[PDB]
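File shown: protein_33.csv (CSV, C-alpha atoms and all ligand atoms).
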chain,number,residue,atom,x,y,z
A,700,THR,CA,167.0,142.1,155.8
A,701,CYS,CA,166.7,142.4,152.0
A,702,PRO,CA,169.4,144.7,150.5
A,703,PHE,CA,168.4,147.5,148.1
A,704,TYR,CA,170.0,146.1,144.9
A,705,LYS,CA,167.5,143.1,145.1
A,706,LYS,CA,164.5,145.3,145.1
A,707,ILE,CA,162.6,146.6,142.1
A,708,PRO,CA,161.2,150.1,142.8
A,709,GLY,CA,157.6,150.8,142.0
A,710,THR,CA,156.7,147.1,142.1
A,711,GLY,CA,155.9,144.3,144.6
A,712,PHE,CA,158.9,142.5,143.1
A,713,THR,CA,162.2,141.0,144.4
A,714,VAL,CA,164.9,139.3,142.5
A,715,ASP,CA,166.9,136.3,144.0
A,716,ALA,CA,165.7,137.2,147.6
A,717,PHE,CA,164.7,134.0,149.3
A,718,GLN,CA,167.0,134.1,152.4
A,719,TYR,CA,165.4,137.0,154.2
A,720,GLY,CA,162.1,135.4,155.3
A,721,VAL,CA,158.9,137.2,154.3
A,722,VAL,CA,160.0,140.4,152.5
A,723,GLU,CA,157.7,143.3,153.4
A,724,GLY,CA,155.5,144.2,150.4
A,725,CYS,CA,156.8,141.5,148.1
A,726,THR,CA,153.8,140.0,146.1
A,727,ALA,CA,156.1,138.0,143.7
A,728,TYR,CA,159.6,136.6,144.1
A,729,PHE,CA,161.7,136.2,140.8
A,730,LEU,CA,164.5,133.6,140.6
A,731,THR,CA,167.0,134.2,137.8
A,732,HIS,CA,168.7,130.7,138.0
A,733,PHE,CA,169.2,127.6,140.0
A,734,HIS,CA,172.5,128.3,141.8
A,735,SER,CA,172.6,128.1,145.7
A,736,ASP,CA,173.8,131.7,146.4
A,737,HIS,CA,170.6,132.8,144.5
A,738,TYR,CA,168.0,130.3,145.6
A,739,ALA,CA,169.1,130.2,149.3
A,740,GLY,CA,166.0,129.7,151.5
A,741,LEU,CA,163.6,128.0,149.1
A,742,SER,CA,162.0,124.6,150.1
A,743,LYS,CA,158.7,122.6,150.2
A,744,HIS,CA,157.4,125.0,152.9
A,745,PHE,CA,157.5,128.2,150.6
A,746,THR,CA,154.0,129.6,149.9
A,747,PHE,CA,154.5,132.8,147.8
A,748,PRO,CA,154.5,132.9,144.0
A,749,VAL,CA,157.9,132.2,142.3
A,750,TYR,CA,158.4,133.4,138.7
A,751,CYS,CA,161.2,131.8,136.6
A,752,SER,CA,162.1,129.9,133.5
A,753,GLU,CA,160.6,126.4,132.7
A,754,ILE,CA,164.0,124.8,133.5
A,755,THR,CA,164.4,126.6,136.8
A,756,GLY,CA,160.8,125.5,137.6
A,757,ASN,CA,161.6,121.8,136.9
A,758,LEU,CA,164.5,122.1,139.3
A,759,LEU,CA,162.4,123.8,142.0
A,760,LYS,CA,159.8,121.0,141.9
A,761,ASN,CA,162.1,118.0,141.7
A,762,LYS,CA,165.2,119.0,143.6
A,763,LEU,CA,163.8,121.4,146.3
A,764,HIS,CA,160.2,119.9,146.3
A,765,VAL,CA,158.5,123.3,146.0
A,766,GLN,CA,154.8,122.8,145.5
A,767,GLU,CA,153.5,123.0,142.0
A,768,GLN,CA,150.8,125.6,142.9
A,769,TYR,CA,153.5,128.2,143.7
A,770,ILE,CA,155.8,127.7,140.6
A,771,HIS,CA,155.1,130.1,137.7
A,772,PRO,CA,157.2,129.3,134.7
A,773,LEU,CA,157.4,131.9,131.8
A,774,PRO,CA,158.4,131.4,128.2
A,775,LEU,CA,161.4,133.4,127.0
A,776,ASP,CA,161.4,136.3,124.5
A,777,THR,CA,157.6,136.9,125.3
A,778,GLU,CA,155.9,139.9,126.8
A,779,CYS,CA,154.0,138.6,129.9
A,780,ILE,CA,151.8,140.5,132.5
A,781,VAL,CA,152.6,139.7,136.2
A,782,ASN,CA,150.6,141.5,138.9
A,783,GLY,CA,149.8,144.3,136.4
A,784,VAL,CA,153.4,144.8,135.1
A,785,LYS,CA,154.8,143.9,131.7
A,786,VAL,CA,158.0,141.7,132.0
A,787,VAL,CA,160.2,139.7,129.6
A,788,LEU,CA,162.7,136.9,130.3
A,789,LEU,CA,165.8,136.7,128.1
A,790,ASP,CA,168.5,134.0,127.9
A,791,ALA,CA,171.4,134.9,130.2
A,792,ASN,CA,174.1,132.7,128.5
A,793,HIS,CA,174.9,131.4,132.0
A,794,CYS,CA,173.9,127.8,133.2
A,795,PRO,CA,170.7,126.0,132.0
A,796,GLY,CA,167.5,128.0,132.7
A,797,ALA,CA,169.3,131.2,133.6
A,798,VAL,CA,167.6,134.4,132.6
A,799,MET,CA,167.8,138.2,132.5
A,800,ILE,CA,164.5,140.1,133.4
A,801,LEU,CA,163.2,143.2,131.7
A,802,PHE,CA,160.7,145.2,133.8
A,803,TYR,CA,158.4,147.9,132.1
A,804,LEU,CA,157.5,150.0,135.2
A,805,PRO,CA,154.0,151.7,135.3
A,806,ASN,CA,155.7,155.2,135.4
A,807,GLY,CA,157.6,154.6,132.1
A,808,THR,CA,160.9,153.5,133.5
A,809,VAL,CA,162.5,150.3,132.0
A,810,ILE,CA,164.9,148.2,134.1
A,811,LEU,CA,167.2,145.2,133.0
A,812,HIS,CA,168.4,142.8,135.8
A,813,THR,CA,171.0,140.6,134.2
A,814,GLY,CA,171.1,137.9,136.9
A,815,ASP,CA,174.3,136.1,136.3
A,816,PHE,CA,175.3,136.3,132.6
A,817,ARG,CA,178.0,136.0,130.0
A,818,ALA,CA,177.5,138.9,127.7
A,819,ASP,CA,177.5,138.1,124.0
A,820,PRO,CA,176.9,140.2,120.7
A,821,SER,CA,173.9,138.0,120.0
A,822,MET,CA,172.1,139.9,122.9
A,823,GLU,CA,172.3,143.1,120.8
A,824,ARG,CA,169.5,141.4,118.5
A,825,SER,CA,167.1,140.2,121.2
A,826,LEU,CA,164.1,142.3,122.3
A,827,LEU,CA,166.7,144.7,124.0
A,828,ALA,CA,167.3,146.4,120.6
A,829,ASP,CA,163.8,148.0,120.5
A,830,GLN,CA,164.0,150.5,123.4
A,831,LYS,CA,165.8,152.4,126.0
A,832,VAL,CA,166.9,151.1,129.5
A,833,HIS,CA,167.0,153.5,132.4
A,834,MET,CA,168.5,151.2,135.1
A,835,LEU,CA,170.9,148.2,134.7
A,836,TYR,CA,171.4,145.8,137.6
A,837,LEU,CA,174.7,144.3,136.4
A,838,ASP,CA,176.6,141.0,137.0
A,839,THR,CA,180.0,142.6,137.7
A,840,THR,CA,181.8,139.3,138.8
A,841,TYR,CA,184.9,140.0,136.6
A,842,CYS,CA,184.7,143.8,136.2
A,843,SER,CA,188.4,144.5,136.0
A,844,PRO,CA,190.8,144.4,132.9
A,845,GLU,CA,193.0,141.7,134.3
A,846,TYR,CA,190.1,139.3,133.9
A,847,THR,CA,190.8,137.7,130.5
A,848,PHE,CA,189.9,134.2,129.3
A,849,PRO,CA,189.2,132.4,126.0
A,850,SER,CA,185.8,131.7,124.4
A,851,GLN,CA,183.9,128.6,125.5
A,852,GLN,CA,184.4,127.1,122.0
A,853,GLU,CA,188.2,127.2,122.3
A,854,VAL,CA,188.2,125.7,125.8
A,855,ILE,CA,186.0,122.8,124.6
A,856,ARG,CA,188.3,122.3,121.5
A,857,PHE,CA,191.3,122.0,123.9
A,858,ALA,CA,189.4,119.5,126.2
A,859,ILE,CA,188.1,117.3,123.2
A,860,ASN,CA,191.5,117.0,121.5
A,861,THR,CA,193.3,116.4,124.9
A,862,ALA,CA,190.9,113.6,125.9
A,863,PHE,CA,190.8,112.0,122.4
A,864,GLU,CA,194.6,111.9,122.2
A,865,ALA,CA,195.0,110.4,125.6
A,866,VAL,CA,192.5,107.6,125.2
A,867,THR,CA,193.6,106.7,121.7
A,868,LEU,CA,197.2,106.3,123.1
A,869,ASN,CA,195.8,104.3,126.0
A,870,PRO,CA,192.4,102.6,125.6
A,871,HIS,CA,192.6,101.7,129.3
A,872,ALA,CA,192.5,105.4,130.5
A,873,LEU,CA,189.5,106.8,132.4
A,874,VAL,CA,188.4,110.4,132.0
A,875,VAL,CA,187.0,112.2,135.1
A,876,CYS,CA,185.3,115.7,135.1
A,877,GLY,CA,184.5,117.7,138.3
A,878,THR,CA,181.2,119.3,139.1
A,879,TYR,CA,179.4,121.2,142.0
A,880,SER,CA,176.3,122.8,140.6
A,881,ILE,CA,174.5,123.1,137.3
A,882,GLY,CA,176.4,124.8,134.4
A,883,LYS,CA,179.4,123.8,132.3
A,884,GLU,CA,177.7,120.6,131.0
A,885,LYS,CA,179.2,121.1,127.6
A,886,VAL,CA,182.7,120.1,129.1
A,887,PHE,CA,181.7,116.5,129.9
A,888,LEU,CA,179.1,116.1,127.1
A,889,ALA,CA,181.6,117.1,124.4
A,890,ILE,CA,184.3,114.7,125.7
A,891,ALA,CA,181.9,111.7,125.9
A,892,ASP,CA,180.6,112.4,122.4
A,893,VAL,CA,184.1,112.3,120.8
A,894,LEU,CA,185.0,109.1,122.8
A,895,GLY,CA,181.6,107.3,121.9
A,896,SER,CA,180.7,106.9,125.5
A,897,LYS,CA,177.9,107.9,127.9
A,898,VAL,CA,178.7,110.0,130.9
A,899,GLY,CA,178.5,108.0,134.2
A,900,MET,CA,177.4,109.7,137.5
A,901,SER,CA,175.6,109.5,140.8
A,902,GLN,CA,171.8,109.2,141.0
A,903,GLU,CA,171.5,112.7,142.5
A,904,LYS,CA,173.4,114.2,139.6
A,905,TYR,CA,171.5,112.1,137.0
A,906,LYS,CA,168.3,113.5,138.6
A,907,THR,CA,169.5,117.1,138.2
A,908,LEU,CA,170.5,116.6,134.6
A,909,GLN,CA,167.0,115.0,133.8
A,910,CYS,CA,165.4,118.4,134.8
A,911,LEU,CA,167.3,120.4,132.1
A,912,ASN,CA,165.4,119.9,128.8
A,913,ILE,CA,168.6,118.8,127.0
A,914,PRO,CA,167.7,117.0,123.6
A,915,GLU,CA,168.6,113.3,123.4
A,916,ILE,CA,169.7,113.3,127.1
A,917,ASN,CA,168.7,109.6,127.6
A,918,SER,CA,171.3,108.9,124.9
A,919,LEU,CA,174.1,110.8,126.7
A,920,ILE,CA,174.1,110.0,130.5
A,921,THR,CA,173.8,107.0,132.8
A,922,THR,CA,174.0,105.8,136.4
A,923,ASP,CA,175.8,102.5,135.3
A,924,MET,CA,179.4,103.6,136.1
A,925,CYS,CA,180.9,100.4,134.7
A,926,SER,CA,179.5,100.9,131.2
A,927,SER,CA,181.1,104.4,130.9
A,928,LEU,CA,184.7,105.8,130.4
A,929,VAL,CA,183.7,109.4,131.3
A,930,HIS,CA,182.8,109.8,135.0
A,931,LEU,CA,181.5,112.9,136.8
A,932,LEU,CA,182.6,113.5,140.4
A,933,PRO,CA,182.1,116.3,142.9
A,934,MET,CA,184.7,119.0,142.4
A,935,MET,CA,186.2,118.5,145.9
A,936,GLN,CA,187.2,115.0,144.9
A,937,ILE,CA,189.3,116.3,141.9
A,938,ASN,CA,192.8,115.8,143.6
A,939,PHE,CA,195.5,113.1,143.7
A,940,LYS,CA,194.0,111.5,146.9
A,941,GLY,CA,190.4,111.5,145.7
A,942,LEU,CA,191.2,110.2,142.2
A,943,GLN,CA,193.5,107.4,143.5
A,944,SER,CA,190.7,106.2,145.7
A,945,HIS,CA,188.2,106.4,142.8
A,946,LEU,CA,190.5,104.4,140.6
A,947,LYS,CA,190.6,101.5,143.2
A,948,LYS,CA,186.8,101.2,142.9
A,949,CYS,CA,186.8,100.5,139.2
A,950,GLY,CA,188.0,96.9,139.6
A,951,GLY,CA,191.2,97.0,137.5
A,952,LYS,CA,189.3,98.2,134.5
A,953,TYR,CA,191.5,101.3,134.1
A,954,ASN,CA,195.2,102.1,134.6
A,955,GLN,CA,195.3,105.9,134.2
A,956,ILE,CA,193.0,108.9,135.0
A,957,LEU,CA,193.0,112.1,133.0
A,958,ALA,CA,190.8,114.6,134.9
A,959,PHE,CA,189.4,118.1,134.3
A,960,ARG,CA,188.6,120.9,136.8
A,961,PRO,CA,186.6,123.6,135.1
A,962,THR,CA,187.3,126.7,137.2
A,963,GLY,CA,186.4,130.3,136.6
A,964,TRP,CA,189.4,132.6,136.0
A,965,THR,CA,192.7,131.8,137.8
A,966,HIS,CA,195.9,134.0,137.8
A,967,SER,CA,197.6,131.6,135.3
A,968,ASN,CA,195.3,133.4,132.7
A,969,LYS,CA,197.6,136.4,133.0
A,970,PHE,CA,200.6,134.5,131.5
A,971,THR,CA,199.4,131.4,129.6
A,972,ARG,CA,197.4,130.8,126.3
A,973,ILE,CA,194.8,128.0,126.3
A,974,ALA,CA,197.0,126.0,123.8
A,975,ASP,CA,199.9,126.1,126.3
A,976,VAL,CA,198.1,124.7,129.4
A,977,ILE,CA,199.8,121.8,131.1
A,978,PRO,CA,198.5,119.4,133.8
A,979,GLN,CA,199.6,118.5,137.3
A,980,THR,CA,200.8,114.9,137.3
A,981,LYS,CA,201.5,112.2,140.0
A,982,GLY,CA,202.2,108.7,138.7
A,983,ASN,CA,199.3,107.5,136.4
A,984,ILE,CA,197.0,110.6,137.3
A,985,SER,CA,196.9,114.0,135.5
A,986,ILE,CA,194.7,117.0,136.4
A,987,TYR,CA,194.0,119.9,134.0
A,988,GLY,CA,192.5,123.2,135.3
A,989,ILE,CA,190.6,124.7,132.4
A,990,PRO,CA,189.1,128.3,132.4
A,991,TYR,CA,185.5,127.6,131.2
A,992,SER,CA,183.6,130.7,132.2
A,993,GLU,CA,179.8,131.3,132.5
A,994,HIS,CA,180.4,135.0,133.4
A,995,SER,CA,181.4,137.9,131.1
A,996,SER,CA,185.0,138.7,130.6
A,997,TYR,CA,185.9,142.4,131.2
A,998,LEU,CA,185.9,143.1,127.5
A,999,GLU,CA,182.6,141.3,126.9
A,1000,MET,CA,180.9,143.3,129.7
A,1001,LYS,CA,182.2,146.6,128.5
A,1002,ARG,CA,180.9,145.9,125.0
A,1003,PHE,CA,177.4,145.1,126.2
A,1004,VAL,CA,177.2,148.1,128.5
A,1005,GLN,CA,178.5,150.6,125.8
A,1006,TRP,CA,175.9,149.1,123.4
A,1007,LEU,CA,173.0,149.3,125.9
A,1008,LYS,CA,173.9,152.9,127.1
A,1009,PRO,CA,172.0,152.7,130.5
A,1010,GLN,CA,171.3,155.9,132.4
A,1011,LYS,CA,172.3,154.3,135.7
A,1012,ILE,CA,174.2,151.1,136.7
A,1013,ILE,CA,173.8,149.2,140.0
A,1014,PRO,CA,176.4,146.4,140.4
A,1015,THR,CA,175.2,143.1,142.0
A,1016,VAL,CA,178.6,141.4,142.7
A,1017,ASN,CA,181.7,142.6,144.5
A,1018,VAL,CA,179.7,145.2,146.4
A,1019,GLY,CA,181.0,144.4,149.9
A,1020,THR,CA,184.2,146.6,149.9
A,1021,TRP,CA,184.8,150.3,149.4
A,1022,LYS,CA,187.8,149.5,147.2
A,1023,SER,CA,185.7,147.3,144.9
A,1024,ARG,CA,182.8,149.7,144.6
A,1025,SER,CA,185.2,152.6,143.8
A,1026,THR,CA,187.1,150.6,141.2
A,1027,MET,CA,183.8,149.6,139.4
A,1028,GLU,CA,182.4,153.2,139.4
A,1029,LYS,CA,185.7,154.4,137.7
A,1030,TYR,CA,185.3,151.8,134.9
A,1031,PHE,CA,181.6,152.8,134.4
A,1032,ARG,CA,182.6,156.4,134.0
A,1033,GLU,CA,185.5,155.6,131.5
A,1034,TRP,CA,183.0,153.6,129.5
A,1035,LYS,CA,180.4,156.3,129.3
A,1036,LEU,CA,183.1,159.0,128.4
A,1037,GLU,CA,184.6,156.8,125.7
A,1038,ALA,CA,181.2,156.0,124.0
A,1039,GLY,CA,179.5,159.4,124.6
A,1040,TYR,CA,176.3,158.6,126.4
B,1101,NI,NI,175.4,131.8,139.0

Now that the file is in, can you turn its structure into structure tokens?
Amino acid sequence: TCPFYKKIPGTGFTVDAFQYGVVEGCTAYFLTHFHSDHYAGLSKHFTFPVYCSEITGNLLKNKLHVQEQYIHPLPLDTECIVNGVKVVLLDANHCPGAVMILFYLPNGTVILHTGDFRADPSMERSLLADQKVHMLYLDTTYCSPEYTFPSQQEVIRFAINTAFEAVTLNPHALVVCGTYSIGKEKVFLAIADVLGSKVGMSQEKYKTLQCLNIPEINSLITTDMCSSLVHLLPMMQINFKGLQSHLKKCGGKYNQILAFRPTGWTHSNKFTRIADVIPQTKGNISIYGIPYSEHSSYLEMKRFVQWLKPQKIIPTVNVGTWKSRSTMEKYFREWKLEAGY
């Protein structure tokens, strides 16, 4: 059964609610982004309207085979009428095609559902600036002060300079980057660009990348693994066993692997600056864990919410324990008292 925080009161609408069968009263199902926890239950057999971004729509059609007649893509930053209700989609600064959704309820209430997001000051100059929001359904993934990490730009700077230095010292090194879903594409694209290489990968990953509207993509990726010195592999294979095995397959073309595992936050963020990160090493294989986040840090989230000044907040992540829920409610009250709303 569909939980309350995925329902939009006073509409026939649900958000990210595909794993509960036919939801009673739901006339339209919104999908914020193409990550499996959110799309769970969609397939070629789905026969209700789905509303989403153009990119999300390409992925529904090609990867899950959802029939065309049921995919309703909407342009961003544009007031749209869906089943008699005004809605807008805003960029979530998450993975490709991820949106936030503003709902203008018939009774005068305004609701923002962030989906998954990484808050940014640039959001303070979207169509959010124009008016008041009564209810905020908030991505609270890292809603605690210990959750600190660098900007995406600094993390990419570290990876580019690390990769360039290694391959310039040894032209026979191979670079590997881990992946398990869309998002974080800048990691492997930035490294391949500095090295003058295309990124090699499986046919299934190439297919997924081809759905994402990235400019010049045909120039950047390839399924010919042999022509490429940046390879993508599933995240599970980024370990000393999996990388040893991979190196054997390359036919004595390479004599070293430098590999990256983009993670979210890890506890080594509590002690170590990005500059000071070191790899794990075994023989001719090194592995760097790098904290590239597509979710708000604590400070980024607090800034957004204190700017928005919502009347009520409903968390959508970490809602399963009493301790979590209590902790998040304490932070929301501090924020409100500090800012005066
Ligand atoms: Ni996500």

List every residue of chain A that has an atom at most 12 Å from any atom of ligand NI 1101 (chain B), and for each one report the closest atom pair and its distance in Å to one decimal, counting all atoms listed in the file, with rows sorted by chain and then by increasing residue number, as CSV.
residue,atom,partner,partner_atom,distance
A:715,CA,B:NI1101,NI,10.8
A:730,CA,B:NI1101,NI,11.2
A:731,CA,B:NI1101,NI,8.8
A:732,CA,B:NI1101,NI,6.9
A:733,CA,B:NI1101,NI,7.6
A:734,CA,B:NI1101,NI,5.3
A:735,CA,B:NI1101,NI,8.1
A:736,CA,B:NI1101,NI,7.6
A:737,CA,B:NI1101,NI,7.4
A:738,CA,B:NI1101,NI,10.0
A:791,CA,B:NI1101,NI,10.2
A:792,CA,B:NI1101,NI,10.6
A:793,CA,B:NI1101,NI,7.0
A:794,CA,B:NI1101,NI,7.2
A:795,CA,B:NI1101,NI,10.2
A:796,CA,B:NI1101,NI,10.8
A:797,CA,B:NI1101,NI,8.2
A:798,CA,B:NI1101,NI,10.4
A:799,CA,B:NI1101,NI,11.9
A:813,CA,B:NI1101,NI,10.9
A:814,CA,B:NI1101,NI,7.8
A:815,CA,B:NI1101,NI,5.2
A:816,CA,B:NI1101,NI,7.8
A:817,CA,B:NI1101,NI,10.3
A:838,CA,B:NI1101,NI,9.5
A:839,CA,B:NI1101,NI,11.8
A:840,CA,B:NI1101,NI,9.9
A:879,CA,B:NI1101,NI,11.7
A:880,CA,B:NI1101,NI,9.2
A:881,CA,B:NI1101,NI,8.9
A:882,CA,B:NI1101,NI,8.4
A:883,CA,B:NI1101,NI,11.2
A:963,CA,B:NI1101,NI,11.4
A:992,CA,B:NI1101,NI,10.7
A:993,CA,B:NI1101,NI,7.9
A:994,CA,B:NI1101,NI,8.2
A:995,CA,B:NI1101,NI,11.6
A:1015,CA,B:NI1101,NI,11.7
A:1016,CA,B:NI1101,NI,10.8

Among listed residues A:770, A:763, A:874, A:891, nearest residue 906 of chain A (using only C-alpha atoms):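 Of A:770, A:763, A:874, A:891, the one nearest residue 906 of chain A is A:763, counting only C-alpha atoms.
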
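Interatomic distance, atom CA of residue 721 of chain A against atom CA of residue 759 of chain A: 18.5 Å.
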
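Once residue 912 of chain A and its same-chain neighbours fewer than 5 positions away are set aside, residues 752, 753, 754, 755, 756, 757, 758, 795, 796, 907 and 917 of chain A remain within 12 Å of it when counting all atoms listed in the file.
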
Contact residues around residue 823 of chain A with only C-alpha atoms at 10 Å, ignoring same-chain residues under 3 positions, as an MDAnalysis selection string: chainID A and resid 818:820 826:829 1002:1003 1006:1007

Of the listed residues A:760, A:1001, A:771, A:856, that which approaches residue 989 of chain A most closely, counting all atoms listed in the file: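 With all atoms listed in the file as the atom set, the closest residue is A:856.
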
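Between residue 948 of chain A and the residues A:925, A:775, A:908, A:935, the shortest atom-to-atom distance, using only C-alpha atoms, involves A:925.
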
Residue neighbourhood residue 959 of chain A, 10 Å, all atoms listed in the file, exclusion window fewer than 5 positions, as number ranges by chain: A: 858, 862, 874-878, 886-887, 931, 934, 937, 978, 985-989

Exercise: residue 1014 of chain A partners within 8 Å, only C-alpha atoms, chain neighbours under 3 positions left out, as an MDAnalysis selection string: chainID A and resid 704 836:839 1017:1018

Nearest to residue 779 of chain A by atom-to-atom distance, counting all atoms listed in the file, from A:1030, A:812, A:751, A:716: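 For residue 779 of chain A, the nearest of the given residues is A:751.
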
Distance criterion (all atoms listed in the file): nearest to residue 1010 of chain A out of A:703, A:1032, A:902, A:712: A:1032

Missing atoms in segment 864-887 of chain A should be modelled up to N, CA and C atoms and reported as a compact mmCIF listing (two decimals), keeping the file's coordinate frame.
# COMPACT_ATOMS: atom_id res chain seq x y z
N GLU A 864 193.13 112.35 122.29
CA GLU A 864 194.60 111.90 122.20
C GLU A 864 194.96 110.94 123.26
N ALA A 865 194.67 111.26 124.52
CA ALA A 865 195.00 110.40 125.60
C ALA A 865 194.40 108.96 125.60
N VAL A 866 193.15 108.85 125.19
CA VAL A 866 192.50 107.60 125.20
C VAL A 866 192.83 106.72 123.98
N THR A 867 193.14 107.38 122.89
CA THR A 867 193.60 106.70 121.70
C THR A 867 195.01 106.15 121.93
N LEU A 868 195.88 106.88 122.64
CA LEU A 868 197.20 106.30 123.10
C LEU A 868 197.03 105.18 124.06
N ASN A 869 196.13 105.38 125.03
CA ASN A 869 195.80 104.30 126.00
C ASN A 869 194.33 104.01 126.19
N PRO A 870 193.80 102.99 125.48
CA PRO A 870 192.40 102.60 125.60
C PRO A 870 191.94 102.20 127.01
N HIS A 871 192.89 101.92 127.91
CA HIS A 871 192.60 101.70 129.30
C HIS A 871 192.60 102.95 130.22
N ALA A 872 192.62 104.17 129.66
CA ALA A 872 192.50 105.40 130.50
C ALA A 872 191.01 105.70 130.80
N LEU A 873 190.81 106.33 131.95
CA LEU A 873 189.50 106.80 132.40
C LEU A 873 189.53 108.30 132.38
N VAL A 874 188.44 108.96 131.93
CA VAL A 874 188.40 110.40 132.00
C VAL A 874 187.41 110.79 133.14
N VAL A 875 187.83 111.72 134.02
CA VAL A 875 187.00 112.20 135.10
C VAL A 875 186.77 113.75 134.92
N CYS A 876 185.55 114.23 135.15
CA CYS A 876 185.30 115.70 135.10
C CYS A 876 184.59 116.06 136.45
N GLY A 877 185.09 117.12 137.07
CA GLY A 877 184.50 117.70 138.30
C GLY A 877 183.29 118.52 138.09
N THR A 878 182.39 118.48 139.08
CA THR A 878 181.20 119.30 139.10
C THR A 878 180.72 119.70 140.49
N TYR A 879 180.10 120.88 140.69
CA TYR A 879 179.40 121.20 142.00
C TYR A 879 178.09 121.92 141.98
N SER A 880 177.55 122.05 140.79
CA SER A 880 176.30 122.80 140.60
C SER A 880 175.96 122.58 139.12
N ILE A 881 174.79 123.03 138.69
CA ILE A 881 174.50 123.10 137.30
C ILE A 881 175.46 124.11 136.60
N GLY A 882 175.51 123.98 135.29
CA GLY A 882 176.40 124.80 134.40
C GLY A 882 177.59 123.96 133.93
N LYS A 883 178.16 124.40 132.82
CA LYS A 883 179.40 123.80 132.30
C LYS A 883 179.21 122.36 131.77
N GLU A 884 177.98 121.99 131.44
CA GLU A 884 177.70 120.60 131.00
C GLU A 884 178.33 120.26 129.71
N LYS A 885 178.53 121.27 128.83
CA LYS A 885 179.20 121.10 127.60
C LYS A 885 180.62 120.39 127.74
N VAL A 886 181.33 120.65 128.83
CA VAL A 886 182.70 120.10 129.10
C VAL A 886 182.61 118.53 129.00
N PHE A 887 181.76 117.95 129.82
CA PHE A 887 181.70 116.50 129.90
C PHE A 887 180.87 115.88 128.75
